[PDB]
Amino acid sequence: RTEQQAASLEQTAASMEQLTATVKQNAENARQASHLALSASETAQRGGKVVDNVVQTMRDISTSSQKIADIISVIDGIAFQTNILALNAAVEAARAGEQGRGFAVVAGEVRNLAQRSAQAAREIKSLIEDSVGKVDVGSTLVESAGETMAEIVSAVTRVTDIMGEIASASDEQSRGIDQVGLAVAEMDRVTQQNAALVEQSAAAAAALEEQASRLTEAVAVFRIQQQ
């Protein structure tokens, strides 16, 4: 009789719970998500000035690696100039006739080193430049990522707008879910008083059948002036 009857307040009162619980659940998840959204926001501003100093110090590197190169040109110039003496040395050797012999050799020893020294310089040149090639390649890539930040801050600046709405639209959930509670409320008291009215009426009906049954008796008995 009270089987499926009470079983209706189960539905709502029970469904109505989840409704008031998940309204707070994903109501604060929304708040952290907007401050956790700043976890990535500052990490984006610090990501900037920082990957920025990687472009920096990585930059003044290529320059220092130049302040060399023109020194290398010097060394090379020194070599070139020297390779020439070899000759003045050798000429002198000649003029000195028989004494030359020694002179002679040193001329060749000179020119020789000149060549070796020059050779050195080249190597360390093609190297010192070839290198800086890769320092600009990398300098570029790091440069470019650095910009993918100001964007991280525009994307996560929305997780702040969107989340900031759940916080005022999901807030309404209460304001609304509340007036709905008023209905599950009122709804119950009428799905209620009904059963009462039903009973009180079912009652009084039975009472009258009795009363009535009693007059029928009296008659049977005290009518006997008809017995």
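When you see a residue number, it is the position in the sequence shown, counting from 1.
54-62 and 41-49 differ in mean CA B-factor, and the higher of the two is recorded for 41-49.
As the entry records it, the average C-alpha temperature factor is higher for 123-131, out of 123-131 and 73-81. Among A185, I177, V190, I162, the highest C-alpha B-factor recorded in the PDB entry belongs to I162. As recorded in the PDB entry, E143 shows the highest C-alpha B-factor of the residues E143, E98, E109, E92. Split the chain's modelled residues into thirds by C-alpha temperature factor. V137 is in the middle one. The entry lists a Cα temperature factor for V221 that places it in the lowest third of the chain's modelled residues. Looking at the C-alpha B-factors along this chain, the one for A203 belongs to the lowest third.
Ranked by C-alpha B-factor against the other modelled residues of its chain, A212 falls in the lowest third.
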